[PDB]
Number of protein chains: 2
Amino acid sequence: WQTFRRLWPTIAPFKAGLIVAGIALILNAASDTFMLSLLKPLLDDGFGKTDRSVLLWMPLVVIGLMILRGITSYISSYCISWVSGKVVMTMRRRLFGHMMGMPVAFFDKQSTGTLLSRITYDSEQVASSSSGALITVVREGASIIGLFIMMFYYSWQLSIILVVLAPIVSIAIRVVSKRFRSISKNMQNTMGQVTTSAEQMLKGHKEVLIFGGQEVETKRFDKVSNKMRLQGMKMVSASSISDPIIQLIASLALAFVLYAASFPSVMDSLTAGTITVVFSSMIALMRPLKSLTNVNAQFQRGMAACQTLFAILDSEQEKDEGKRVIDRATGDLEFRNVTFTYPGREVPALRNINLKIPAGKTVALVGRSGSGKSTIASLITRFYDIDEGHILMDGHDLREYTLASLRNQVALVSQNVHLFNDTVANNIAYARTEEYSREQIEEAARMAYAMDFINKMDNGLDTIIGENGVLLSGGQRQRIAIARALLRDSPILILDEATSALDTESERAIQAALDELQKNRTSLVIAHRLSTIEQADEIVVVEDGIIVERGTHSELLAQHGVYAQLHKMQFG
Amino acid sequence: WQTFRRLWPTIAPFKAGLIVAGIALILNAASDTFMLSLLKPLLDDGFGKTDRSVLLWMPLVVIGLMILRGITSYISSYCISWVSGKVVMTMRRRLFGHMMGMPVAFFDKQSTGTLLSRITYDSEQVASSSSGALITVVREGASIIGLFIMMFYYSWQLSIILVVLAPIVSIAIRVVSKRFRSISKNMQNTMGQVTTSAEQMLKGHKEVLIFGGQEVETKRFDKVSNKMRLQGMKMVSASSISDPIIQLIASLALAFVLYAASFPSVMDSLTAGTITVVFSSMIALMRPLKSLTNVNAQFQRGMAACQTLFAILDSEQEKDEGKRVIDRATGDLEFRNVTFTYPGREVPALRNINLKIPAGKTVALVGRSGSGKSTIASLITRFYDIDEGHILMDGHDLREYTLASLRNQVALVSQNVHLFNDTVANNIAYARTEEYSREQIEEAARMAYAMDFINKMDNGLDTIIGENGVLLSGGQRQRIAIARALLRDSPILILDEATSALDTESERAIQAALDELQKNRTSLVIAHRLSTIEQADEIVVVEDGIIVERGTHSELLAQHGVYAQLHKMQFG
Ligand SMILES: Nc1ncnc2c1ncn2[C@@H]1O[C@H](COP(=O)(O)OP(=O)(O)NP(=O)(O)O)[C@@H](O)[C@H]1O
Ligand SMILES: Nc1ncnc2c1ncn2[C@@H]1O[C@H](COP(=O)(O)OP(=O)(O)NP(=O)(O)O)[C@@H](O)[C@H]1O
């Protein structure tokens, strides 16, 4: 029940395997009563049954076994492997999704590696536990149930020995079990870190070469790798001494039987009938119990694992939700005295900031490399659901709106763009339906000045791109990121320094293209190369987390207030 | 021997565990002969030995067992878990390193996820195999050796049955074994892909939200996850039917004994002495063999795994090597008619390109967003060890030089910069020795216009940065990447569009800083914002994979050849 219990819910839909495998167990039990009912007799009494028994019962061994034994063995493996494989893969399925249901700074804090690990490794653990362990915890479990209810009344004297050591083996084992849950848990995170250190290794290849520390890396790894072999070794050894100690408690109630057989049987009451069955039943029961211990380890490993990720899944959906779902979008972006800071208790990266970007209009964000530009940029699309103030899209605040469509009401080109490992078409197509017309993309790639090189590379939009635009120019990439963002075609379009690395001529080319389209929609462009703002409906000069000037390329320039300054630095 | 064999080398240094665990096995065997030499007698003959036997031999059961049994159980677990834990973690250790010993487009082609996976998952497999399997393949293995040499001469008649089914069970099993090696192998890659799809998930979070396809992702995952539960299930079921089929061959030679016991024993020669021991020995031998099968599975899983990564490690060190190791570096970069293309058979991204950058001089790379700029940039530091031509640092070609110091002869600021998850200090410090003076960095961060914001954020250089500069501005990051690259202080410095996203004023600030330092060293700056080139010792205008103009801001401008064009587009 309880934690264990809370896991049965996800196993429930798969219980058909549990039962079918338990029924397979039973049938092999029957196959044993018959295999005993032929093997021992033809043993010594062999030349005593050499005719009728011998001959006529040979084809019943091959059939008794093949049929029952064989088909039942494959009934067990059959339904057991199945019940686990599904609960495991269905487990990791549930996390994956929950993971991305973790909006915000979650992904900011911990290394992606630890998360990645959780899916892979943690799920696998809880898997083995559910299947093979439930089968034996109920098998050797029911074996212990029969032997204790047997010695119970059948020999109330020796059962007064079981009621002195049963609670002692049970308590000593409950404890070793908690250190099992724990040692495995830590064993997990460790495995997780092995991952992280491995990701960095690869992700940072370029660096690591000129870096001048490939070995500094080797070192970091050896330390983590090792902390793994020893993390686990820690548990395995803890489990090894765990067995012989329980043998002690077993060999204790059993030796107690020998002490009461020297005096109490020499007082009858035990005789050669009970000093045979109560003792044989003792030396027997200690075996299935001293097996349930060795497998308990594995059951814990997984159980503990369940609870780790049971919890990670029980975490909080950083995806707060509103209600109002809109399909239309006149991009009437508006937000007042919105103040903002990142992980809670620190110093605001954006103070009392008021601003309105009416539909069709183009508002720009320029300021010192460090003012909340990119911040507010991403803050529009709720990535941080605010600090204190009001941000509303058409009179309605982001919250009033459903995160879902809200984010469907905007296209973006993040300062540094991230891409996938598909085809050009796709990296653009993976932009809402993931399947539009070959036209839209053809067009988008063109109205993004890129159809020329797309076509230069064989396979065109069908060409495989570098994992995160690795096998091609950043400009090319950026353009493509602009492509994607342009094709989607939203009412509110944010281009966070979308020019970043561009052939000046090519740049201005897009600029023209932009003007042509953005002429209707609401556009919020935030770049540094002023050249692409001189003709914006309004420019928001912002420094040190706070806005300082709203004006036309003209007003600003004339005003000589830090914008002008930058427009001076413009050249020289 | 062979593949299996080739793995023993890495297990060798750990064989002390193998032997100590085998000696522990033996000792438990002796503990069994004595446990039989007390348990059966006190069984029925209990009230027949109720005094001397009973009493005086009880403390020898508790000691016989505790001592031998207990200490031997912990001797087995002890040395076995150890031998594996080391061979596994030492395995993944060897790959990790080899992995980064894979210079070039390796990391370009396949998803980092697959590699990451290999370490984690593949190593674990070969681990279990080595330990638990070698123990039982030699245990149940030697058990089969004794039973076959026994029935051998002891009953040459029934041994003429073993020499009819032994080769049949052996061949049927050798085959199931190959499908074990295979099904596990594919099972691996699958697990690998589960990883990749999971990485993308997280890495692409930002996207995936505005993306508008969180569920498209869910779908991709379910398909891979599932392909996993079924990949493995495929093997497990294949193993399940594998057992009952071998039971068939066993139940075959055994039933043959019953057929020759009805007529041949009824011809003596077998009688009730041999129709008891040869048959008992038969029904016995089929058990340890029908166990070696079930564990063989696990042994294969790992064996196959060894060979997968045995090979991945046996791959080619894309790190070709030279000989000449230099410590000094007057940055005399020089290279003629060097042509270059990427993955072999395609169209050159750099043609006959000749260029010399003499020590102290500053050569710039500008051209259309698509010309081999970043390419040659990275080509200097050998990342692609060339196509056809000559690139030499001080008369000596890159090859003549040792990759090692060669890359130590240069500092770089890649178009898009990659960072780690340490402290500011470190992301800069991880730049050769990984431990310099607090000054150098203080200075580097300053002479990189960044000490101001570094100090604005609490903990300063001791502050924890975002996994790959996530929790701070790209400008800030870029500057830091410049920091790192600046502190190292090399003779040849390449700044690939190092300004990318910078506060114009801040930009020019660095520019000044650059001039001050680069005044002595050899500097190759390749940007787009021309403003930071107007005063370069020479500007290399390059378009469509080929150079087209070498001249001063002046000559070029005056010449009116595509450079001027760009310098016109400069504004407007
Ligand atoms: N995750 C974070 N945690 C704390 N502070 C942050 C975080 N992200 C950004 N900041 C702060 O916000 C500013 C950087 O972000 P932002 O203002 O969005 O950059 P940006 O406008 O793109 N600047 P730049 O890239 O230099 O043009 C600085 O004041 C940072 O200290
Ligand atoms: N790994 C690669 N495999 C194949 N082609 C590549 C690869 N990397 C770059 N290219 C080609 O080389 C050019 C892009 O690289 P490069 O010329 O270095 O960019 P760049 O000069 O930095 N351009 P930009 O970033 O736009 O200023 C294009 O013609 C690409 O198709």
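The record names X-ray crystallography as the way this model was obtained, at a resolution of 3.700 Å.

1. Thoughts on the relation of the copies chain A and chain B
One copy of the chain maps onto the other through a rotation about an axis followed by a shift along the same axis. With an RMSD of 0.0 Å, the fit of chain A onto chain B corresponds to turning through 180 degrees and sliding 0.0 Å along the axis. Both chain copies can therefore be described as sitting about a two-fold axis. No C-alpha of chain A lies nearer the rotation axis than that of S500 of chain A, which sits 2.7 Å from it. A share of 99% of interface residues in chain A that are also interface residues in chain B marks the association as one of identical surfaces.

2. Details of the site of ligand 2
Taken together, 16 residues sit near ligand 2, with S473 of chain A together with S371, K373, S374 and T375 of chain B positioned nearest. Neighbouring residues of ligand 2 are distributed over chains A and B. Here an oxygen atom of ligand 2 sits 2.4 Å away from a polar atom, N or O, in the side chain of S473 of chain A. Here an oxygen atom of ligand 2 sits 2.4 Å away from a polar atom, N or O, in the side chain of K373 of chain B.

3. Points about the site of ligand 1
Around ligand 1 sit 15 residues in total, of which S369, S371, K373 and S374 of chain A together with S473 of chain B are the nearest. More than one chain approaches ligand 1, the contributing ones being chains A and B. Contact between ligand 1 and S369 of chain A: an oxygen atom at 2.6 Å from a side-chain N or O atom of the residue. Between an oxygen atom of ligand 1 and a side-chain N or O atom of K373 of chain A, the distance comes to 2.4 Å. Within the complex, the protein chains bury 82% of what would otherwise be the 630 Å² of accessible surface of ligand 1. At the level of elements, α12 (373-380) of chain A together with α17 (474-488) of chain B are the ones that each hand at least two residues to the shell around ligand 1.

4. Here's the deal with empty space enclosed by the protein
In this structure the tally under the stated criterion is 17 cavities of 30 Å³ or more. In this structure, the largest cavity is lined by 14 residues; those nearest its centre are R529 and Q570 of chain A together with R529, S531 and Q570 of chain B. For the lining of the largest cavity, the secondary structure elements donating two or more residues are α18 (504-518) of chain A together with α18 (504-518) of chain B. Residue classes in the lining of the largest cavity are distributed as 2 nonpolar, 8 polar and 4 charged.

5. Let's talk about the sheet that holds strand β2 (residues 350-357) of chain A
Residue and element names in this part refer to chain A. Spatial strand order, β2-β1-β4-β5: 4 strands in an open sheet with antiparallel pairing. The open sheet has two edge strands, β2 and β5 (396-397), and neither has a second partner. Its contacts with the sheet place α12 against β1 (333-340), β2 and β4 (388-393), and it is angled at close to 120 degrees to β1.

6. Observations regarding unusual backbone geometry
Note: most residues except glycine have negative phi, and most peptide bonds are trans. The residue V562 of chain A is not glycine, and still its phi comes out positive at about 45 degrees. Structurally, the position occupied by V562 of chain A is in the loop between α19 (553-559) and α20 (563-569).

7. Some words on the pairing of strand β3 (residues 362-367) of chain A
Residues and elements named next belong to chain A. Counting buried positions along β3 gives 6 out of 6 residues, so the element sits mostly inside the fold. On β3, burial covers both faces: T362, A364 and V366 on one face and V363, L365 and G367 on the other are all buried. With 3 bridges connecting them, β3 and strand β8 (residues 522-526) associate as parallel partners. Note that in β8 the partner of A364 across the bridge is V525. Where β3 and strand β9 (residues 538-543) come together, 5 bridges link them in parallel fashion.

8. Here we look at the interface of chain A and chain B
Size of an interface, as often reported, equals the accessible area lost when the parts are brought together. With 146 residues of chain A at the interface, the matching set in chain B holds 149 residues. For the pair chain A and chain B, the summed buried surface comes to about 13,500 Å²; carbon and sulfur atoms form 65% of the total. Broken down residue by residue, the surface that chain A buries against chain B is led by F96, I210 and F211 of chain A, which jointly contribute 6%. On the surface where chain A and chain B come into contact, there are 9 salt bridges. Across the salt bridge formed by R368 of chain B and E505 of chain A, the nearest N and O atoms sit 3.1 Å from each other. On inspection of chain A and its partner chain B, the count reaches 35 residue pairs in polar contact. It is helix α10 (residues 214-262) of chain A that contributes the most residues to the side of chain A that touches chain B, 25 residues altogether. Within the side of chain A that touches chain B, the residues separate by chemical class into 65 nonpolar, 47 polar and 34 charged.

9. What about the side chain of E140 of chain A?
All names here are of chain A. Topologically, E140 is positioned in helix α7 (residues 112-154). Under the relative-accessibility criterion, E140 is labelled buried at 8%. One polar contact links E140 to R287, side chain to side chain, over a distance of 2.9 Å. Leave out the neighbours within four places in its chain, and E140 touches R287, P288, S291 and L292.

10. What to know about the domain arrangement of chain A
Residue and element names in this part refer to chain A. Domain assignment breaks chain A into domain 1 (1-322) and domain 2 (323-572). Here domain 1 and domain 2 have C-alpha centroids that lie 54 Å from each other. Taken together, the contact between domain 1 and domain 2 spans 10 residues of the former and 14 residues of the latter. Each partner contributes to the roughly 730 Å² buried at the junction of domain 1 and domain 2, and carbon and sulfur atoms together form 48% of this total. The largest per-residue losses of area from domain 1 upon contact with domain 2 belong to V104, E321 and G322, which jointly make up 52% of the total buried on that side.

11. Considerations on the packing of helix α7 (residues 112-154) of chain B against helix α11 (residues 271-314) of chain B
Residue and element names in this part refer to chain B. Running from N to C, α7 and α11 point in directions that differ by 155 degrees, and their axes come no closer than 6 Å. It follows that α7 is roughly antiparallel to α11 by the angle criterion. Between α7 and α11 lies a crossing of left-handed hand. A per-class count over the contact of α7 with α11 returns 25 nonpolar, 11 polar and 5 charged.

12. Describing the packing of aromatic side chains
One pass over the structure, following the stated rule, counts 24 aromatic pairs over all chains. Measuring from centroid to centroid gives 5.7 Å for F106 of chain A and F107 of chain A, while their planes differ by 80 degrees, and the two rings are edge-to-face. The two residues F106 of chain A and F107 of chain A agree in class, both being buried. By the ring-pair criterion, three or more aromatic residues cluster together here, those being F211 of chain A together with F420 and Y430 of chain B. Above the plane of the ring of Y401 of chain A lies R324 of chain A, whose end atom (NZ or CZ) is 5.5 Å from the centre.

13. Describing the pairing of β9 of chain A
Residue and element names in this part refer to chain A. When β9 meets strand β10 (residues 546-551), the two strands line up antiparallel, connected through 5 bridges. Counted as the bridge partner of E543 is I546 from β10. Counted between consecutive antiparallel strands, the loop separating β9 from β10 contains 2 residues, among which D544 sits at a positive phi close to 45 degrees.

14. As for the UniProt feature "binding site: ATP" in chain A
According to UniProt, the positions carrying the feature "binding site: ATP" are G367, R368, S369, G370, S371, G372, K373 and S374 of chain A. Examined against the element boundaries, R368 of chain A turns out to sit in the loop between β3 and α12. Not counting the four nearest positions on each side in its chain, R368 of chain A is found in contact with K373, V542, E543, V562 and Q565 of chain A together with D503 and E505 of chain B. Tracing the backbone shows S371 of chain A in the loop between β3 and α12. When residues no more than four places from it in sequence are discounted, the contact partners of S371 of chain A are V542, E543, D544, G545 and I546 of chain A.

15. Focus: a nonpolar patch on the surface
Residues and elements named next belong to chain A. Judged by side-chain polarity, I19, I23, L25, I26, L27, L56, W57, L60, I63, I67, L68 and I71 come together as a nonpolar surface patch covering roughly 1,100 Å² of accessible area. Contributions of two or more residues to the nonpolar patch are made by α2 (15-39), α4 (52-57) and α5 (59-100). You can see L56 is positioned in helix α4.

About the criteria used
- Residues numbered from 1 in each chain as written, not as in the entry; some residues may be left out.
- Chains lettered and ligands numbered in written order.
- Heavy atoms only, no water.
- Least-squares fit on C-alpha atoms.
- Contact = heavy atoms within 4.5 Å.
- Near = heavy atom within 4 Å.
- Polar contact = N/O pair within 3.5 Å; in protein donor to acceptor, adjacent residues only side chain to side chain.
- Areas by Shrake-Rupley, 256 points an atom, 1.4 Å probe, with all protein chains shown as cover.
- Helix = DSSP H or I, 4+ residues; strand = E, 2+ residues; numbered from the N terminus.
- 1 Å grid on protein atoms, 1.4 Å probe; cavity = no way out; pocket = protein on both sides within 12 Å on 5 of 7 lines; lining within 4 Å.
- Points joined across faces, edges and corners; volume = space filled by probe spheres on them.
- Nonpolar A, V, L, I, M, F, W, Y, C, P; charged D, E, K, R; others polar.
- Pairing = 2+ DSSP bridges.
- Axes fitted to C-alpha atoms, helices over the stretch in contact; angles between N-to-C directions.
- Buried < 20%, exposed > 50% of the residue type's maximum accessible area, 1.4 Å probe, protein only.
- Buried area = accessible area lost by both parts, 1.4 Å probe.
- Salt bridge = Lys/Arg side-chain N within 4 Å of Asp/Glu carboxyl O.
- Domains from an automatic or database assignment.
- Parallel < 35°, antiparallel > 145°, perpendicular 65-115°, else oblique.
- Left-handed = near helix turned anticlockwise from the far one by under 90°.
- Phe/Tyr/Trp six-rings, centres within 6.5 Å; stacked < 30°, edge-to-face > 60°.
- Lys NZ or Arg CZ within 6 Å of the ring centre and 35° of its normal.
- UniProt positions renumbered as here; feature names shortened; annotations may be inferred.
- Patch = residues over 30% accessible without salt bridge, like charges linked within 9 Å, V, L, I, M, F, W, Y side chains within 5 Å.

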